[PDB]
Structure formats: structure tokens, C-alpha cells
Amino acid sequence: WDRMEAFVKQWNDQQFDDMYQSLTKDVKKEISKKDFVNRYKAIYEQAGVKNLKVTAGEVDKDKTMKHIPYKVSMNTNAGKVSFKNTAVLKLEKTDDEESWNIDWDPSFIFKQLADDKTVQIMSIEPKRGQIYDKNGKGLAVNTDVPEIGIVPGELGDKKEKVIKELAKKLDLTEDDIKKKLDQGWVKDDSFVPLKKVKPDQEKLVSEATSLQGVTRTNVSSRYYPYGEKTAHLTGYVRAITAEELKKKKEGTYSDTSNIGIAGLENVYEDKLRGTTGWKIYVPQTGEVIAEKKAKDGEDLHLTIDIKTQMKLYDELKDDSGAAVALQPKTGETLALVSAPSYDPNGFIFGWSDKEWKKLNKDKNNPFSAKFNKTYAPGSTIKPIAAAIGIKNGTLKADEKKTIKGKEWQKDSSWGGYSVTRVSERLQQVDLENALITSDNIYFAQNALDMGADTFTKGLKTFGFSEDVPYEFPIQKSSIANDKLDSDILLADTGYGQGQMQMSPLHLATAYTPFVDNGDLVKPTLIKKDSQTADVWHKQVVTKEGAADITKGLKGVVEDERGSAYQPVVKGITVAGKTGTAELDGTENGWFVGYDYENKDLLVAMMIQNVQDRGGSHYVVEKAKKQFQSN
């Protein structure tokens, strides 16, 4: 019949407002359309009802009352659910027109339901996988932390004064505690959790539990054992919002779930979470409509060495910038540091108000990692360019160039603009002395002699303009705002005063061909039991070209004329390059270096607001400390 088919179509399509219209006059009373629609929406939403199939059968007796059997199957967060039932169709006249109407009752939601029975949907959170460094040191783990609560029966006739004192002691409100004590499940002998506390605060727990009826347990909790020292690398988890929950695939989260918002917590959310358990049941009888068991998440093992991480943190902790430390042979990531930072434990245990407001008004954006953003690299481009110039035959490292004065233009067509070098001591300038004196004209002429096409292709072999193959998302490096579309922009990009932007991670990666082999190494955060150093582009420079570049980068640190000579550090065997990118404004300082003798460490460091602190020098002093002085 038409009415039944239309009702079934509306219900398969889950349009409950259209469904309410077909109900009998009796059911219209005692159940308002508001309550009908709200009850369906709430139950189906919270249970995760999807894949709904309602199919109708055949009538039996032939009249003003019919019976039509039907069946319902569906998928819920707790599994497949299906039942059979019989709809009563009564013919009824309202106003002046008859119609067949369905005599609805709560058993059309789930079969167990009736006018004295409801449904409840509880969830079981799995154990989240943990994050370890290369030596098994826990970076994002699960630990048992104190949990202060109230047993109501133990309060006696002191409930009010106890709530007042405990609210003052735990920085909660009296209303919040009372709301928790008034929950439906709360019985006089049950422990009512009130607040989770960090492990280092047993004195607070001792003070608080010494009140009437206030007691203590331990609850499992995420914990970030090194806090802001690894905050950008771990990221964090925190409670999911109702709006976030509405966007996810039903079943994967509940209203009380943690979700990874930033860092590796977010990047590996699926691996770390696991499977959420569910139970749909009827509270008046205890009957279970459906049930699904949880499943723990998987652990994550990183290449990070927390010792290197902490050395870099100690150097950057009061500044604004980033530092990457790679093992340039294997491509493993020893350290990823960004400053300023934050304690991700704040998102688990709660923030103090002053700290939250501090972090949100900080103009250097503590919650944002800087090692995956792209900044102007400045002079640090020069060796890379040199590599390309040696790779594509247009540059010989041992041949000197004629440069007279401190200014140079290609021809009259530049006019008022010329490339400026800081010194004019050397008139015959080879590659080594070009790097040591950071000669801008040398490298402008390198770019020009090279041409735009070869230089673009070369920059692409060092990983510009492509997705960065790395497990932590890295914004792509840019050669120019559009393209190298003029001799002037080409020359400026040659010596690092153009439109280019690199990430610290990428700059670290792009000095790896200089260390030994010439290969651009594929960086990785994930610890692998395989001792296989993956290559990202093969032989982007030759071995002998890498040696030629290493000579000049060595000189930058060891020759008195170099930009990285001060401070003189006995013991280190470090070759590298400095940079300063300007922004009455500020300027950012760069140092990229590697151990040209031990070949097992490379660091890139970038610090902001260094114009009044000696520029790149301020960075250099902090960078040399990171290297083996043995």
C-alpha cells in the first residue's frame, strides 16, 4: 500500500519529520513531533546508525485495521543490529479526509524498547600507542596519575564546607563539583572523579584528601615526559569536541575520546589510537542490544636521540627559531627543535590561566613548529648553487674569477642596480675564497653563466618544488614567487637575495650531498631496523664536487676571514655556511654545518631577530657547541 511504502522510504532515507506525519491520532497525542524527531536523531546519531535497510512484508487479514510485518537491519558503533516486527495500519479520518496511519511505538527504534524502557550507548576507549625515541626513552606515554574524587556517603553533614574547601584547593567551582555529584549513576558508595593531577603533585593530593569524604585513586593518562623540550615533535592529544566528533566516521570516536591535534600525535592518529569499543544496551533490564570490544593502538619508535634534542633545546629555549639535527649518512633525524614552545601536558591536565594567556598572546607563536615552515635562506644557498654549477660543467672550483670593486652589473640594462660584494681584497676569486669571503658577485655570475633552465633543474634535483618525502609534514621549498624570469632575479637568487624560501628540515637535507657521496639523502623520523640509508636523488653532485665545496665550507669556519670563525672552538672539525635574511626591520640568522671528518652529524639552525645581536654570529656560537669536539 502507498502509505506504507512512503513511510518505509522516508525511514530508509531517515527523514523522521516526514515519518511523524503518518502516525495515528493517538500517537500524535502524548508524543509531539519535536520529541519524536529528537528521540530518533539522538539514538541514531549516538549509536552511529548507518547502512539502514527497512523492508516491508505482506498483509494477512482482509476493514479499518491492517497488520504489515517488516524487518530492519542496520550497522551501529557496536555492530550489526536487525529485528522483525509488525506495524499496525489504522484507517482514520482527520478533519474531512481519511488516510491509513501507522500506530507507531518505541519498538520501531530498537525492538527491546517500550514506554518504560530507554537505550544507552557507552564506549570503551582503547589504550593509545606510545611514542619512543631511538633508545626506548618514552616521549609520549601512558602513566598512572593521581585522581582526586568524592565518595558522597563519606561526606556526612559536611558536604557544603567540603565542596567549598576542595573547590578553593583544586581551582574548580562549587557548581562543577555539585554537577559531578548529581550524575545519575552516582550512588552513595561510588567514587565520583573530580580532578586528574600530574604525578609530581602528591603534596596537593595529600592536602586535598585530608578533607571529609575526599579520597584518591590513580587513573591512566597520556603524559609527555619531556614537555616543551619535544612539544612540537610529539604534538598533543586532547578531548574531542562535539563538532569535531560530528565530522568523523561514526564509531571511531566518542564524546569522551582523545584525538591528536598536532605533531606526531596527529600525524599517526590512526596507528596510535586503535579501535574504539561500544555497548548499546537497555538500562532497565540490562539487556545488551549490541557490543564490540576495543583494541589497543600501536607504538611508534623514532630516530630522535633525546640527548641531541636536549642540547639543541638548551641552546634555543629563550629565542625564536628552529634547529634540525640529522645523521647525514643514514638520513635519520636526531633532533627537531622549535622555539618558543609549550608544555603539551597542559592539554591533558589543564592550563593555568596565566600560562594559557601567555601562550596565546606570544607573537612568536609557540604552538607552531618552525622547522617545517619555509623562510628566506639567504647566503646558505651558495654551496648548493655551486654544486649545480659544478654538476652542469659551467663552474670549475679551482678557476679564479676576475672581480674588481665592490659592485657589478651585467650590462647597462640593469642601470641603477648592481650586485654588491662586501670586500674587494681579492681580484682573482676561486670557489674556496668565494665561500670564505661570501662573495655575492661570484655567485651572481655563477647563476648568470649557468642560465635559468639549468639552475632551475639543479635546484629541483636538490628537492625544491616537490613534496618533501618525510613523515612529518614539511611545507614545500620555493625557488621563486613565480619563476626565474629575469637576469636580475636569477643573479640575486644565485647569492641568496631573491625570492627563495626553504624549510630548516630541507636545508639540513640539502647539505647532505656535501658530506661524502654526493647523494641527496631521504630524511626519516621513523626508526627502522634496516641499516639502509634511503636516497632521495642520486648523485646531485659528484664526490669531487662535494670535496671542492667542503674545502670552502671548511674555510668558512677555520679561515680567519670566514663568517663562522668566531668563536674559535678547539676540537671541532665542522664545515658549514652562514646566512642572514633581512625583513627599520629585523633579520634572521642561519648556520648549516656538518662534521667533515666524522661525517655522522649535520645541523641546521635558524634564529629570528638577530640584527642587534651580531646576526649569523649569534647562531654560529650556538651551533658549534653541538658538534663532537673530540
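Throughout, we count residues from 1 along the sequence that is shown.
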With respect to the deposited sequence, how many residues separating residue 583 from residue 584 are not represented by coordinates: none, 1 to 3, 4 to 9, or 10 or more? 4 to 9
Which wins on mean Cα temperature factor, 509-517 or 408-416? 408-416
Quick check: 418-426 versus 539-547, which has the larger average CA B-factor in the record? 418-426
When you compare the CA B-factors of 366, 156, 469, 129 as listed in the entry, which one comes out on top? 156
Given 147, 487, 265, 343, identify the residue with the highest C-alpha B factor in the PDB entry. 487
Quick one: classify residue 482 as lowest, middle or highest third of the chain based on its Cα B-factor. highest
Residue 55's Cα B-factor: lowest, middle or highest third of the chain? middle
Cα B factor band for residue 69 (lowest, middle or highest third within the chain): middle
Relative to the other modelled residues of the same chain, rank the CA B-factor of residue 119 and answer lowest, middle or highest third. lowest
Sorting the chain's modelled residues by C-alpha B-factor and splitting them into thirds places residue 38 in the middle
